[PDB]
Amino acid sequence: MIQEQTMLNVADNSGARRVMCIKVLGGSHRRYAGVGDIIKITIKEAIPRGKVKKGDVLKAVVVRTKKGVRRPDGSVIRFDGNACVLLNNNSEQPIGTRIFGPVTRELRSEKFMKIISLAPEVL
Amino acid sequence: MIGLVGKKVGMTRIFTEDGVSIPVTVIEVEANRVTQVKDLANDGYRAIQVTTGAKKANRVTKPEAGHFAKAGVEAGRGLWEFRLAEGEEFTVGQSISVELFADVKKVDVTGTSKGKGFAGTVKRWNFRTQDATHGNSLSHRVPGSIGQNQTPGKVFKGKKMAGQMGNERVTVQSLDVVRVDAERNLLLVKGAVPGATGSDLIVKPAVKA
Amino acid sequence: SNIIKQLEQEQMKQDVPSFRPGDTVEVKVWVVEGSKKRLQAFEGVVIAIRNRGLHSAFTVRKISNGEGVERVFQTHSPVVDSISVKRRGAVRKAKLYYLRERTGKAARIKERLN
Amino acid sequence: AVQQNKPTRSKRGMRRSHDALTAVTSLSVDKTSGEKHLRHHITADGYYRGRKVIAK
Amino acid sequence: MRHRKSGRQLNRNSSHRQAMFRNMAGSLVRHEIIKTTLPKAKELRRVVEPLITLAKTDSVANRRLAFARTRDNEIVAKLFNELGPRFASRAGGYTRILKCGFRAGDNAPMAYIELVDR
Amino acid sequence: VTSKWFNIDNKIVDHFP
RNA sequence: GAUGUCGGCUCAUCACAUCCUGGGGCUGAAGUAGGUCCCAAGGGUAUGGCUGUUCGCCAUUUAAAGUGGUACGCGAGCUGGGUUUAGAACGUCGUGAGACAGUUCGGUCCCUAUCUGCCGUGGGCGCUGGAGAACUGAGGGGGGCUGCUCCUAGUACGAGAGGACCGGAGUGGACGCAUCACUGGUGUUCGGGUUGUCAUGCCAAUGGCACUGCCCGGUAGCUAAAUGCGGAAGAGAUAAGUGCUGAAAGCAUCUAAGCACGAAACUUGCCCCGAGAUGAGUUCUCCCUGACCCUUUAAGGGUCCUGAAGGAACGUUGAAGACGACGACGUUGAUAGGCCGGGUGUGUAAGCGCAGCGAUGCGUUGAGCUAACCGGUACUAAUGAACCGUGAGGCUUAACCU
RNA sequence: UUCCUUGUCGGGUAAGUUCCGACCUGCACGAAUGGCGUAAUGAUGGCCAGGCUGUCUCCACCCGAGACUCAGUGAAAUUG
RNA sequence: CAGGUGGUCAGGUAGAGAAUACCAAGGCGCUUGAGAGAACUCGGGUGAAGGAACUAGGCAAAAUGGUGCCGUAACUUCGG
RNA sequence: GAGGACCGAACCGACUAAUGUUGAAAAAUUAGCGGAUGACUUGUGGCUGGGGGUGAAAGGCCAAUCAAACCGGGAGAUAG
Ligand SMILES: N[C@@H](Cc1c[nH]c2ccccc12)C(=O)O
Ligand SMILES: [K+]
Ligand SMILES: [K+]
Ligand SMILES: [K+]
Ligand SMILES: [K+]
Ligand SMILES: [K+]
Ligand SMILES: [K+]
Ligand SMILES: [K+]
Ligand SMILES: [K+]
Ligand SMILES: [K+]
Ligand SMILES: [K+]
Ligand SMILES: [K+]
Ligand SMILES: [K+]
Ligand SMILES: [K+]
Ligand SMILES: [K+]
Ligand SMILES: [K+]
Ligand SMILES: [K+]
Ligand SMILES: [K+]
Ligand SMILES: [K+]
Ligand SMILES: [K+]
Ligand SMILES: [K+]
Ligand SMILES: [K+]
Ligand SMILES: [K+]
Ligand SMILES: [K+]
Ligand SMILES: [K+]
Ligand SMILES: [K+]
Ligand SMILES: [K+]
Ligand SMILES: [K+]
Ligand SMILES: [K+]
Ligand SMILES: [K+]
Ligand SMILES: [K+]
Ligand SMILES: [K+]
Ligand SMILES: [K+]
Ligand SMILES: [K+]
Ligand SMILES: [Mg+2]
Ligand SMILES: [Mg+2]
Ligand SMILES: [Mg+2]
Ligand SMILES: [Mg+2]
Ligand SMILES: [Mg+2]
Ligand SMILES: [Mg+2]
Ligand SMILES: [Mg+2]
Ligand SMILES: [Mg+2]
Ligand SMILES: [Mg+2]
Ligand SMILES: [Mg+2]
Ligand SMILES: [Mg+2]
Ligand SMILES: [Mg+2]
Ligand SMILES: [Mg+2]
Ligand SMILES: [Mg+2]
Ligand SMILES: [Mg+2]
Ligand SMILES: [Mg+2]
Ligand SMILES: [Mg+2]
Ligand SMILES: [Mg+2]
Ligand SMILES: [Mg+2]
Ligand SMILES: [Mg+2]
Ligand SMILES: [Mg+2]
Ligand SMILES: [Mg+2]
Ligand SMILES: [Mg+2]
Ligand SMILES: [Mg+2]
Ligand SMILES: [Mg+2]
Ligand SMILES: [Mg+2]
Ligand SMILES: [Mg+2]
Ligand SMILES: [Mg+2]
Ligand SMILES: [Mg+2]
Ligand SMILES: [Mg+2]
Ligand SMILES: [Mg+2]
Ligand SMILES: [Mg+2]
Ligand SMILES: [Mg+2]
Ligand SMILES: [Mg+2]
Ligand SMILES: [Mg+2]
Ligand SMILES: [Mg+2]
Ligand SMILES: [Mg+2]
Ligand SMILES: [Mg+2]
Ligand SMILES: [Mg+2]
Ligand SMILES: [Mg+2]
Ligand SMILES: [Mg+2]
Ligand SMILES: [Mg+2]
Ligand SMILES: [Mg+2]
Ligand SMILES: [Mg+2]
Ligand SMILES: [Mg+2]
Ligand SMILES: [Mg+2]
Ligand SMILES: [Mg+2]
Ligand SMILES: [Mg+2]
Ligand SMILES: [Mg+2]
Ligand SMILES: [Mg+2]
Ligand SMILES: [Mg+2]
Ligand SMILES: [Mg+2]
Ligand SMILES: [Mg+2]
Ligand SMILES: [Mg+2]
Ligand SMILES: [Mg+2]
Ligand SMILES: [Mg+2]
Ligand SMILES: [Mg+2]
Ligand SMILES: [Mg+2]
Ligand SMILES: [Mg+2]
Ligand SMILES: [Mg+2]
Ligand SMILES: [Mg+2]
Ligand SMILES: [Mg+2]
Ligand SMILES: [Mg+2]
Ligand SMILES: [Mg+2]
Ligand SMILES: [Mg+2]
Ligand SMILES: [Mg+2]
C-alpha cells in the first residue's frame, strides 16, 4: 500500500538508501501500489560513490510492504518495512546487481525474473 | 427457467485440494410445493406459484387455508411466483427440489438487504466530507449546496439526499454454483448474497452469460 | 446453525498438534514453482493464535536475512502440510505483539521446561 | 427563517387534524374482584389475574 | 445502527449505571419487592438473578465474588443463607414483574418487581 | 435596547463598497 | 425604507462549436502513426511545486486531462487568503490636515424553515357487499467508462527500419451494488497488568475515584483497507456514409416508384419502484341466507335480535425502526429474560500447602471468570375476555336458463 | 521602498510568483521626521528541516450531552 | 442570571508546594422528568497502510514534559 | 545574596482555537497562553468638569453614551 510521499527503503546495491514515491503508475486516480507494482520515485539519500545520486527521478518496483500480500487460501505475508528495487526509466530493468532481504512470489513474471534469481529467499 | 425459494443459513469456506479457499453462502432449499398454475386463457400469462417451509396452524387465516386446501398442499411460510418459459410444464401439487440446479453453473440470488435506517449523505451516497478543521462551522458532514440560484430556482427531482437506506429488494447476478447437495437440501454459491441470516432468498438461473 | 457446523466438521484436519504463544514452530507449506511441487519450511515464534474451528489461524514471526517477516497461516488449509514444535516458550500473554518493537537479546523468550 | 404571510385559521386546523387523542378501549374485569383495570396491569385494589399480588 | 446489541443506556454513563443497579439489587434482596420504572425493572433481572445462582453453592470464593458485586455484607449473608436455599431447585426465573400505574410526577410507566416465593 | 450586532458589524453591513 | 464581492470547499445540472471512447469521406493515406471534414452528448474526462489567486509556468501521469451557460451556478451550505472601515510603517505627492487599481504587518461572517421545491416515512378517504393473499404492467428511475498483455502474426504492407485491419482470450484502473467466510479497525457492557489515595475492624482479598486513571489483549454487531458481483451479448428503427435495380433525361444516376446495409446516440434487452394507472385492472380463497314499525314511498328512517371472515388494541419482541410503519410470537407457546450445555476471549483465580530471611516462585491448575454468539429448556412474563367490522350487496341494456 | 517584474544569476525542491546569497538598470534609499551593523530578548513577520500526528488520501467504530417519542410548563423575529 | 466582589482561618497521605490526585471537619447533588438509542451538531476515546500529500498558513490535534549525573556548537556587549 | 534576573500557583492580564450569537452572559465559557519583587497589584478616602479634564498617544477614556458627556431650557430651531 504505497502512495505518493511514501518513503521506501532500497533493497538493492545501486547506491540509494531512501526513496520517495512521487507517482503510482498505471491508470488515472490510481491510489495504491502493492507488491509488484511500478512506481515513479525520487532519491532522497544515497551513498557517496553509488551508481545513482541524490535527486534522480527513476522507476522502481515494490517488493516488500508492511501491509503485506494475500494468498489464495487466505494467508498473509507481512514485513517490517517497505522496500523497492530501482529500475531504468526506459527499459525498466534493475540497476543494481544484488538483492537484499526476502522477496515474494508476486514478482514471478517475465518482467522481474532477474530479481527473483538474485534474491536470497523467495517467500 | 424457473427458480427456487431458499433461506440464507450463513457463510463458510470450502477448501480446494490446490489450496484455494472459496467463500460460500449456504442456502437451505427445501422442497417447493406448486400451489397454482396460471395460463393464458384464465390469467393472460404463464407462471407457477410455489410455497415452502411450514406454518403454525393457528396463524393460518381461513382465506389462506382454503387456497392451500384447493391445491392439496400444506401451508408454507408464504407464496412466490415464477414466470414460465414456453415448453416448461408443471401441475398443482408437484414438488420441486434443489436438484433442479444440478447442471446450472451460475445463478441469480434475490433478497432483501439489511436495514440501516435513516442514513446521511456520506454513508448513503458516498459524499465527501468537508474540512474537520481550518475554521469550519458546524458543517463537517452536511451535504453542501443543493442547487443553483434564480435559474432554475428549485431543486431537481432525484437529488441525492439523506433518507432511508437498505431494507429493499436487491439482486446479485452471476454467482458460481459450488455444490448442490440434495440429501440435506443445500446449495453452495460462491460469494455474498443480500440479507441477514435466516432471510428468504429467491434463486434463479443467470439471465446473462 | 447445526447445518454450517456440520459442513465445517467434515473439512477440519484431525492431527494438528498442540502449541501455544511463545513456542518455536516449523511449518511446511506447499509451493508450486511452475509445474513441480515442493515443501519449504517457515520457522519462527508463534505470536498469536485464533481458535475458530475451521477458521482457525496462527501468526508466526521470524527474522530472515535481516528483515522481520510475519506470516498468518490458515490452520486447516491444505497448503499447510505439517506443523511441528521445536521449543516451548514461557509467556504470560496470549498475543506477543510487543515482540515487534524488540529484537536481538531483548526479544528472547524463556523456555517453559514443564 | 420566518413566514412571509400569516397562515389562516383553516391551515391551522388542517395541521391539527392528527392531534386527536384516542381513548382506551380495553378495560378488563378482574375475575375475582370485578374491578376494571388496564390489561396486563394490576388493579387499584392490588389484584392481578385473580390473586392478591401486593398487600397494600 | 443497533443490530443484535443488548443492554440499555438509560440516559446515564457507564459508572452511574453500574452503581445504580448495585443499589437496586441490594434493595430487592433486602425488601423482596420494590417499585421502579418498567425499563429499569427489566434490566434488573440481568443483575439479581445471576447473583441468586451464584449463591446456590456456598464457598469462600463465591462469597467474595458476591461481595465484589454488591459491596454489602448484609446482602451477601441473606443471599447465601436464605435466598440460595429457597431457590435451590428452581431453574432461573427468580423474579416477577407486575405492571402498575403511571407515575404522577412525570407519567413514567411503573412496575413492581418481586421474588417468586415472597 | 441596542440593535442586533450583525446590523452593527462593518464586515456584514458594509458589504458593497 | 440593501439583490453580500474574487478565489477555494461541497454538491451539481444543461448545451454541443467533441478532449477520449464509437461510425464515416478525402488525403501530397504503403504499413505504424497522422492531417482535414462529416455524424454522434451514452459514459468518462489528473495529482502535485509556486502564488490569495482565476489564469499561467513547471514536475510527473492518463484513453483523455473538452469548450461554454446556469446572479462570471452554489456564503438563510462552509471558509475568509485577496479586495473593502477604524491601528501602524515605507516609497511618492502635498506647506498641511491627508492621499495613492502602489506596497507592507494586524483586523467580530447572524437566522429555531411558514410556503414552493427536494429526500424519506405515515394517517384519511376512494376504487360500489366485506375480507386475506398472489399478480399484470400504463408509466418512472438506475446502469452504460476504459487500459495493458497474449494469440491470430513478425502474417498483410514495406528496399530496410518498422509493423497492422478483422476476430478471440486473459488480467488491471476508476466507479457502483451487496456482504462479514477470510485479513483488519472499533469494541467506556469481557479478561488481565499496574501508579496514587480512600473505604470495607485488621492481614489476605476486593470496591470507589483519578480522561475508561494509565495501559495490554478481545466476543457479538457495525465496518474498509477485506472479497463476491456488475457495465455486456442480442434484437428493432436510424445518423453521416455505402449500395442494388431504375426512369424522368434512348446515356448516366443510391431515388422519383421499389429493395439492402450502417454507430457507445433512439426503442428494447439487464436491475429497482409501480393500479390514487380516479382509465383506480386481473386471478385465487374465505364470510354473512333474522323480525317489526313509521314517514315525506325511496339507493328512506328507526327499534329488537344477531356480530361472521377479518382487523385493531394490549402484551413478549426483532438482523425492522426517529415516531408511525414492517416482521415474529402470546400457553394448542421457544417471543424476550433467566437457567443448562457448548463455544469464544483473557491467561494458571481464591483458599490451602511447599521453598525462600524477604520480594517472590512452584503445586493444586490451562485454573477462574467470561457481553451482544450457538444448541437446548416453560422457571418468569406474554390473561378468560372486551372493542371495531354485519346480516347476501343499485339501476339500464344485451347474451343465456327458465 | 522596485512600476516594468515571477528582472538576471546561484542555493534549496521531482517541480519554488514565497525564502536565502549576489548583481545594480535605486520608476521613486541615504545619514538624529537618523544611515549601516548588532549579542540577548519577542503570545512579532517570512522561509526550511527533524519528530509527531484523522490535517489529509478516506473515513470507520465507540462513550456522553442535544436532536426523536411521552407527561408538565411554555416564547420569538415576521405577517396586505 | 455559568459574570464581578476586600480581609481572616489553613487538617491527613503522596508532593518542592497554598500546584495536583484521593480524603477529614463541614457542606452539597446545581427546582422539569421518563423513554428511545436515526440523520446531523456539540464534548471526548481509539484506529490498518501512508505521514502535511490538507491548507492562505501544520489552524486544530498529536507529540515533548521530572530528579540526579555525563555532555553540549556558531556567535557574543564575556553576563550569555 | 544583587537583579524593571529565571521556572512556576494565588493575583493581574488577554495571544490562538472551538462553542455561543432571539446567549448561562448587551463581550462570557472551555482548552491552551503572557507577567508574576515590580515602570507590579489591590482596599478605603480625596482632587482634576465639557472646547474642559485625563491620556507610556489608540481621538483612547470621562457611569453599557464620546472628532466634543448627560439633564433642563431658547424650542413647535430650520428642513427648496
Ligand atoms: N457577536 C458577538 C460579539 C459582539 C457583541 N456586540 C457586537 C457588535 C458588533 C459586532 C459584534 C459584536 C456577540 O454577540 O457576543
Ligand atoms: K455508499
Ligand atoms: K459546468
Ligand atoms: K448537434
Ligand atoms: K476522440
Ligand atoms: K479520418
Ligand atoms: K457523450
Ligand atoms: K496571473
Ligand atoms: K464566497
Ligand atoms: K438567499
Ligand atoms: K458568512
Ligand atoms: K410560496
Ligand atoms: K437512461
Ligand atoms: K479478527
Ligand atoms: K470484530
Ligand atoms: K484501588
Ligand atoms: K488501553
Ligand atoms: K445506377
Ligand atoms: K464499452
Ligand atoms: K386497483
Ligand atoms: K491459586
Ligand atoms: K479458559
Ligand atoms: K522606492
Ligand atoms: K537546484
Ligand atoms: K532552482
Ligand atoms: K539600529
Ligand atoms: K510579541
Ligand atoms: K525573528
Ligand atoms: K434515537
Ligand atoms: K536573589
Ligand atoms: K523571595
Ligand atoms: K495604594
Ligand atoms: K462639549
Ligand atoms: K448615565
Ligand atoms: Mg429510515
Ligand atoms: Mg461562529
Ligand atoms: Mg465543529
Ligand atoms: Mg418557474
Ligand atoms: Mg433526557
Ligand atoms: Mg471513572
Ligand atoms: Mg423592501
Ligand atoms: Mg456536432
Ligand atoms: Mg513544502
Ligand atoms: Mg458567482
Ligand atoms: Mg445563497
Ligand atoms: Mg482569519
Ligand atoms: Mg483578511
Ligand atoms: Mg489609518
Ligand atoms: Mg481605492
Ligand atoms: Mg485579533
Ligand atoms: Mg454561517
Ligand atoms: Mg411546516
Ligand atoms: Mg417498467
Ligand atoms: Mg429506461
Ligand atoms: Mg483484531
Ligand atoms: Mg487493534
Ligand atoms: Mg480496547
Ligand atoms: Mg492489603
Ligand atoms: Mg469516594
Ligand atoms: Mg472526590
Ligand atoms: Mg462474527
Ligand atoms: Mg389491486
Ligand atoms: Mg419445546
Ligand atoms: Mg531561484
Ligand atoms: Mg504556500
Ligand atoms: Mg535578497
Ligand atoms: Mg526614509
Ligand atoms: Mg527622506
Ligand atoms: Mg534629517
Ligand atoms: Mg539592520
Ligand atoms: Mg513584552
Ligand atoms: Mg411536549
Ligand atoms: Mg407576538
Ligand atoms: Mg416588521
Ligand atoms: Mg450567581
Ligand atoms: Mg478576588
Ligand atoms: Mg486544588
Ligand atoms: Mg463530613
Ligand atoms: Mg425497544
Ligand atoms: Mg449518540
Ligand atoms: Mg492511523
Ligand atoms: Mg500504525
Ligand atoms: Mg502543500
Ligand atoms: Mg492542495
Ligand atoms: Mg497549534
Ligand atoms: Mg552548529
Ligand atoms: Mg561563556
Ligand atoms: Mg554560561
Ligand atoms: Mg522577573
Ligand atoms: Mg488593558
Ligand atoms: Mg482568550
Ligand atoms: Mg482561560
Ligand atoms: Mg512563560
Ligand atoms: Mg513566571
Ligand atoms: Mg500565570
Ligand atoms: Mg516600583
Ligand atoms: Mg463608556
Ligand atoms: Mg460642537
Ligand atoms: Mg421640529
Ligand atoms: Mg426661537
Side-chain angles (χ1 to χ4, degrees), chain A residues 1 3-6 22-23 26-30 40 42 57 66-67 74 76, chain B residues 11-13 23 36 43-45 49 61-64 66-67 79 81 114-115 117-120 128 130 133-139 141-151 154-156 159 161-164 167 169-174 191-192 194 196 207 209, chain C residues 1 94-95, chain D residues 1-3 5-7 18 25-26 28 31 39-40 49, chain E residues 1-7 9 13-14 37 39 45 49 60-61 64 68 71 90-93 95-97 105-108, chain F residues 2 6 9-12 14-17:
Chain A
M1 214 165 178
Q3 57 180 39
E4 277 140 64
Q5 305 290 296
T6 294
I22 68 174
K23 182 71 66 192
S28 47
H29 290 293
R30 183 167 185 165
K40 170 76 67 147
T42 180
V57 183
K66 253 166 289 203
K67 187 78 176 175
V76 192
Chain B
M11 301 197 67
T12 177
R13 45 158 48 128
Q36 195 188 351
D43 300 282
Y45 69 110
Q49 200 207 32
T61 61
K62 281 175 55 83
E64 310 163 338
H67 181 74
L79 291 160
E81 278 200 22
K114 299 177 98 163
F118 199 100
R128 312 161 155 81
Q130 315 187 31
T133 52
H134 287 295
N136 187 299
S137 294
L138 322 186
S139 297
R141 288 164 79 86
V142 304
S145 199
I146 69 178
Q148 293 77 32
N149 202 316
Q150 225 184 91
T151 300
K154 72 161 172 181
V155 188
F156 289 140
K159 185 77 186 59
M161 289 172 132
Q164 163 85 28
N167 195 28
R169 178 191 180 103
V170 164
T171 299
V172 184
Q173 284 185 333
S174 296
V207 60
Chain C
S1 75
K95 304 284 193 279
Chain D
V2 64
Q3 78 212 4
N5 296 114
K6 185 194 185 180
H18 301 280
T25 185
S26 67
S28 299
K31 62 166 184 184
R39 207 161 190 61
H40 308 106
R49 282 179 72 178
Chain E
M1 257 153 303
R2 200 209 56 80
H3 296 159
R4 304 291 269 191
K5 296 182 173 176
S6 98
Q9 174 186 326
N13 62 34
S14 173
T37 71
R45 293 175 307 175
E49 298 206 11
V60 167
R64 306 185 168 188
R71 298 302 294 188
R90 186 182 292 266
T95 64
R96 150 195 299 140
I97 303 189
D106 45 23
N107 201 57
Chain F
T2 317
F6 47 98
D9 189 5
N10 294 279
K11 170 74 68 170
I12 301 172
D14 294 341
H15 65 269
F16 197 11

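Sequence lines set the chain letters: A, B, ... in the order given, protein chains first and strands last, and positions in each chain run from 1. No hydrogens, no waters, no symmetry mates; every other heavy atom, side chains included, goes into these values.
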Would you confirm whether G:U116 and G:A378 are paired, taking Watson-Crick (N1-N3 with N6-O4 or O6-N4) or G-U wobble (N1-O2 and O6-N3) geometry and requiring each distance to be under 3.5 angstrom? no

Under 4.0 Å between any heavy atoms, over every strand shown, what does B:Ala196 touch: base, sugar-phosphate, or nothing? Just pick one. base

Considering every strand and a 4.0 Å limit on heavy-atom distances, what is the contact class for E:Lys5: base, sugar-phosphate, or nothing? base

Using a 3.5 Å upper limit on both distances, decide if G:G269 and G:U278 constitute a Watson-Crick or G-U wobble pair. no

G:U197 on G:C198: ring centres under 5.5 Å and planes under 30 degrees? yes

Select one nucleotide: of G:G230, G:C284, G:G321, the one nearest the side-chain heavy atoms of B:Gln36. G:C284

Where does J:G8 fall, syn or anti, if syn means a chi angle no more than 90° from 0? anti

Decide yes or no, distance alone: a donor-acceptor N/O pair under 3.5 angstrom between the base of G:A133 and the side-chain of B:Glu64. no

Using the six-membered ring of each base, decide whether G:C145 stacks on its neighbour G:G144 (centre distance under 5.5 Å, planes under 30°). no

Hunt down the Watson-Crick or G-U wobble partner of G:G243, both distances under 3.5 Å, from any strand shown, or write none. G:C259

After noting the C-alpha distance and the side-chain angles of B:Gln148 and B:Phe156, does the key distance pass the side-chain contact (heavy atoms from CB on, under 4.5 Å) rule? CA-CA 10 Å; B:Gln148 293 77 32; B:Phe156 289 140; 3.8 Å; yes

Determine the contact category for C:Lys95: base if any of its heavy atoms lies under 4.0 Å from a base atom, sugar-phosphate if only primed atoms, P, OP1 or OP2 are that close, otherwise nothing. sugar-phosphate

Does the base of G:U114 carry an N or O that pairs as donor and acceptor with the side chain of D:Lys6 under 3.5 Å? no

H:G16 - base-pair partner by Watson-Crick or wobble geometry, distances under 3.5 Å: none

Look through every strand shown and name the nucleotide pairing with J:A57 as Watson-Crick or G-U wobble, where both distances are under 3.5 Å. none

Strand partner of G:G321, provided both Watson-Crick or wobble distances fall under 3.5 Å: none

Can you confirm whether E:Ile97 sits close enough to E:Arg45 that some side-chain heavy atom of one is under 4.5 Å from a side-chain heavy atom of the other? yes

How far, in whole Å, is G:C57 from G:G4 if one measures between their P atoms? 38 Å

Kindly state whether the bases of H:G16 and H:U17 qualify as stacked, with ring centres closer than 5.5 Å and planes tilted less than 30 degrees? no

Is the base of G:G243 stacked on the base of G:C244, judged by six-membered ring centres under 5.5 Å apart and planes under 30° apart? yes

If we take the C1' atom in both G:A313 and G:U397, what is their distance in whole Å? 48 Å

Pairing partner of G:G290, by Watson-Crick or G-U wobble and under 3.5 Å for both distances, is G:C304

Sugar-phosphate only, base, or nothing, as touched by B:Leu138 at under 4.0 Å among non-hydrogen atoms: sugar-phosphate

My understanding is that a pair needs two contacts under 3.5 Å, Watson-Crick or G-U wobble. By that rule, which nucleotide pairs with H:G66? I:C40

According to the 5.5 Å centroid and 30° plane-angle thresholds, does B:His67 stack upon the nucleobase of G:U285? no

Would you say the bases of G:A312 and G:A313 stack, taking the criterion to be ring centres below 5.5 Å apart together with planes below 30 degrees? yes

Please determine, for G:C352, whether a Watson-Crick or G-U wobble partner exists with both distances under 3.5 Å, and give it or none. G:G363

Could you check which of G:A322, G:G310, G:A319 has an atom nearest any side-chain atom of B:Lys114? G:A319

Identity of whatever pairs with I:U46 - Watson-Crick or G-U, under 3.5 angstrom: H:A60

Tell me if G:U179 and G:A226 are paired here, counting Watson-Crick or G-U wobble when both donor-acceptor distances sit under 3.5 Å. yes

Using the P atoms only, state how far G:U188 lies from G:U116, rounded to an integer number of Å. 48 Å

Under 4.0 Å, heavy atoms only, any strand: does A:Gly26 hit a base, just the sugar-phosphate, or nothing? sugar-phosphate

